[PDB]
């Protein structure tokens, strides 16, 4: 009876309010799937297209910053406890730094298989306009899909923890498993049948757990029970702005509804004036001597008798109004521009920082709510054994995010500077025997923020080098 | 009776609505083939030509970005499972990297044989204007063809999976096989006869399958049964924008119909004024002393008696209206410009990124829906055995797309930078024996994102080099 839960957990007020926001920017992203059965039903548009362009540009731009195509978007600290991390893979105490880097480098490419990038862009659009999205990642094939709030509903506490979810989907009988298709032997046409999925949180001895099950419209279960640890669950609900106490988030467009509402009416008035500007009439002045028939029926080049100014073109003075309205609309549009950001790894650094400045602190929220689970899922896909050992014991991987994934990104810059300075300081002091070069080295290296333990040689290596002479 | 299915699967509303979009941009691309039998039937044009220029420019530009002429448009990851991939070709563990690169480099040239590029451009036009296209690739010869929704119809579930298709085509009796031409012995003229093809999805033990069959108008089958795995099917339906629940997609032009509709009327009014500006009349003022006969019939150079201002040229004041209308039309046209993008491998990178920014996230959709099957088809054409082994077992090739085919494109840039930095850091630290050069190497290389396993020498090679002394 998952239909009962699905209906119970909905919020009609938010669904009804979020129609205008879509109507002002991109109506086709928020279309109701329950009013159509495979045929077009018309969708109306608005008198202005500024919102569409702004939203398209911002959604396209956000994808490049969050998911760069030539470097990983997450880093592993590993400073917590190297013992267990090294014991899981079975490597030396120092080879962990190389192994983690190899895993991170080889893992992030998996996000570009089987059209995931397009779904990511669609999810960004959904988050910007409606502020809610559910993301499903299939490990067997490598494909993803994004859903709107018209196909799912969630339940959470006052503290924000998600407790339950239900998802609706439509299909046909031919797609069902052989076990369940023995029933419904009649009516084996391409008739549509609904399917429901439920995700529920539960706790076992070694931690919390998510349980997945499925059911048809008429109560019948379909087995397929699966259990995942909370860290590697394939379902990811996300929010843009979440007011404490509520269940669903809010979008960026909701903060700027007044300007769009004030712009649509001006656009309508401009359209009315432009349509009025298409009257082509010629007026014959009354009280003037003219020969209308000859003027209107003679071939070009003839001579006629009458005043050379007895006929004039219709004039209403509506051009100045168009000129005036255009300037006001342009001024409002320009004033709205900054809010929507309309205009080597360091380039990505600066772009992300400027996105932080423009958005106001949501880039960090998006990074926090998306980067953490995807990293675990991809790492599990690339190496099952290593993650299985970590989850069974209870401890979990540490990941850095929030414009802070520069752990292995821009350390070479801090080494180049040290090398440049060491080439200027050491040539001097070579003659003076009172200054120890080792202390200068140990001061300069630590000054720039480099852990000397990853560069200095061990005692055994020095002894071997001295012996090899 | 494939005619019944063909008629059943059509959507008349979309077909009737999509006429205006073609009429505003390029009427000849959407002409009905069932109203003509080999003779011209006139096609009407519109008062404005902005849409035609914009569509031509965008369609021409899109082809260069998607299908560059001097590098492959797809890359193979191979990180999934090198065991089976190496076992299929019969190569070593490390020679796979070279073999895959060779295959990718030698495969992509096949797209330029026998006039495929023109069909690709036509398909891009069709996608932009109507948002639907069916693409057929013939392996025997190397030619392609593109069809509009006036010649085919498709069926899909609520989830978007395509289940069935039907295609219509016209020909003559002389083209039929000898087996079927024994019938229809009479009427062996060049009379036109229709032909129908059906593509249906079905599942067998080792995966899903597509079945192709043909039939004439009068029920008679023509044999030619063929079976393809779903991955290497030669038919590819595509969409530009697909609203969940519906069957056919939507085009880019549909988002900007209001501006074009508002522009056509202004163009008509401008044409009316321009036609009015062709009245050449001379008016003889009433109440003035003049000698009209002498003025109008004497040779040039004569002297006449009369006022020097008794005759004036006709004046209606319609020039200012032309000046005004031109500015408004130009302003609207300029405002429409950005939406249609009107204005070394890195150049292609930047061009594709800017296309991503302008379009709003469709470049990725087009790449996802076109690159994946064409890669498999071309690879099968260049090497049948390798693909046959992979498909029989069940596993499939992994391909990267969505402005993410840079796997083997721009790795040399990340190596040049490392080489430049290594030439500045290693000259220093040569005197200090406390810093190990190997650790600096292993840090700098991994910092830029290079898998050291493809550069470092193995233990055996080092031993051999040491012995060779």
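Protein chains in written order, with the deposited numbering: chain B, 7 to 349, 359 to 484; chain A, 7 to 349, 359 to 484.
All residues carry an ideal CB built from backbone N, CA and C; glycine is no exception.
Those runs of the alpha helix (DSSP H) which lie wholly inside the segment 108-139 of chain A and span at least 4 residues:
Listed in chain order, they are 122-136.
What are the uninterrupted segments assigned as beta strand (DSSP E) that are 3 or more residues long and contained completely in the segment 190-222 of chain B, given in chain order?
For the segment 190-222 of chain B, whole beta strand (DSSP E) runs of length 3 or above, ordered along the chain, are 198-210 and 213-222.
Whole-number beta carbon distance between residue 135 of chain B and residue 259 of chain B, since they are thought to touch under 8 Å:
Residue 259 of chain B to residue 135 of chain B, Cβ: 6 Å. Contact.
At least one CB of chain B closer than 7 Å to the CB of residue 253 of chain A: is that the case?
Chain B, which has a Cβ nearer than 7 Å to the Cβ of residue 253 of chain A, makes this yes.
Span separating the alpha-carbon of residue 28 of chain A from that of residue 132 of chain A
About 10 Å.
In this structure, does DSSP put residue 401 of chain A in helix, strand or coil?
Helix, per DSSP.
Quick check on this structure: which residue in A:257, A:261 and A:388 has the alpha carbon closest to the alpha carbon of residue 241 of chain A?
Between residue 241 of chain A and the set A:257, A:261 and A:388, the nearest pair of CA atoms involves A:388.
Since residue 330 of chain A meets chain B, which of its residues come closer than 7 Å, beta carbon to beta carbon?
Residues of chain B whose Cβ lies closer than 7 Å to the Cβ of residue 330 of chain A are, in chain order, 325.
Just verifying my parser: in three-state terms, what is the DSSP assignment at residue 173 of chain B?
Residue 173 of chain B falls in the strand class under three-state DSSP.
CB contact check: residue 143 of chain B to chain A, cutoff 7 Å
With respect to chain A, the C-beta atom of residue 143 of chain B has no partner C-beta closer than 7 Å.
Nearest-angstrom Cα distance between residue 115 of chain A and residue 471 of chain B?
Here the C-alpha atom of residue 115 of chain A lies approximately 52 Å from the C-alpha atom of residue 471 of chain B.
Determine, using beta carbons only, whether residue 238 of chain A and residue 395 of chain A come nearer to each other than 7 Å.
Between residue 238 of chain A and residue 395 of chain A, the CB-CB gap stays under 7 Å.
Is any non-hydrogen atom of the ligand FAD found closer than 6 Å to the C-beta of residue 114 of chain A, if you look at the structure I gave you?
Among the ligands in the structure shown, none appear at all, so the ligand FAD cannot be discussed.
So what does DSSP say about residue 153 of chain B, is it helix, strand or coil?
In the structure shown, the three-state DSSP call for residue 153 of chain B is strand.
On the CB-based measure, 16 or more other CB atoms within 10 Å of its CB, does residue 464 of chain B come out buried or exposed?
Counting Cβ neighbours within 10 Å, residue 464 of chain B comes out exposed, since fewer than 16 surround it.
Here's the rule I'm using: 16 or more other beta-carbon atoms within 10 Å means buried, otherwise exposed. How should residue 431 of chain A be labelled?
When all chains shown are included, residue 431 of chain A counts as exposed.
As a quick exercise: from B:298, B:319 and B:43, pick the residue whose alpha carbon is nearest that of residue 353 of chain B.
Because chain B is numbered from 349 directly to 359, the model contains no atoms for residue 353 of chain B.
Residue 279 of chain A: contacting residues in chain B (beta-carbon distance under 9 Å):
Under the 9 Å cutoff, chain B gives 286 and 319.
Hey, does residue 74 of chain A have any beta-carbon neighbour from chain B nearer than 7 Å?
So no, residue 74 of chain A is outside the interface.
How many whole angstroms separate the CB atoms of residue 323 of chain A and residue 383 of chain A, which I take to be in contact at a CB cut-off of 8 Å?
About 58 Å separates the two Cβ atoms, so there is no contact after all.
With a threshold of 7 Å between beta-carbons, can residue 371 of chain A be considered close to chain B, or not?
Yes, contact with chain B.
Alpha carbon to alpha carbon, what distance is there between residue 244 of chain A and residue 385 of chain A?
Using only the alpha carbons, I get a separation of about 8 Å.
From B:311, B:302, B:305 and B:280, residue whose alpha carbon lies closest to that of residue 352 of chain B:
For residue 352 of chain B, no position is available: the coordinates of chain B end at 349 and pick up again at 359.
In angstroms, rounded to a whole number, what distance separates the CA positions of residue 230 of chain B and residue 219 of chain B?
Rounded to whole angstroms, residue 230 of chain B to residue 219 of chain B spans 7 Å at the Cα level.
Of all Cβ atoms in chain B, is any one closer than 7 Å to the Cβ of residue 436 of chain A?
Closer than 7 Å: yes.
What does a CB cutoff of less than 6 Å around residue 226 of chain A pick up in its chain, not counting 5 residues either side in sequence?
There are no such residues.
Whole-angstrom Cβ separation of residue 67 of chain A and residue 458 of chain A, contact assumed at under 8 Å?
So it is not a contact: roughly 43 Å between Cβ atoms.
How many angstroms separate the CA atom of residue 25 of chain A from the CA atom of residue 64 of chain A?
The straight-line gap separating the alpha-carbon atoms of residue 25 of chain A and residue 64 of chain A is approximately 20 Å.
Taking DSSP's pairing of strands, which residues face residue 288 of chain A in a bridge?
Bridge partners of residue 288 of chain A according to DSSP: B:309 and A:319.
Report, in whole angstroms, the separation of the C-beta atoms of residue 437 of chain B and residue 443 of chain A, which I expect to be a contact under 8 Å.
In this structure residue 437 of chain B touches residue 443 of chain A by the C-beta definition: roughly 5 Å separates them, less than 8 Å.
According to DSSP, is residue 43 of chain A part of a helix, a strand, or is it coil?
Assigned with DSSP and collapsed to three states, residue 43 of chain A falls in coil, not helix or strand.
Which residues share a DSSP beta bridge with residue 326 of chain A?
Under DSSP, residue 326 of chain A forms no beta bridge with any residue.
Counting Cβ pairs, one atom from each stretch, are 3 or more of them under 8 Å apart for the segment 31-51 of chain B and the segment 271-290 of chain B?
When C-beta atoms of the segment 31-51 of chain B are compared with those of the segment 271-290 of chain B, fewer than three pairs fall below 8 Å, so the two segments do not count as touching.
Could you please give me the residues that DSSP links to residue 388 of chain B through a beta bridge?
Note: residue 388 of chain B sits in no beta bridge, so no partner.
For chain B, find out if any of its Cβ atoms is closer than 7 Å to the Cβ of residue 17 of chain A; answer yes or no.
Yes, contact with chain B.
Taking the beta strand (DSSP E) that residue 160 of chain B falls in, what are its first and last residues?
158-162 is the span of the beta strand (DSSP E), which, as asked, contains residue 160 of chain B.
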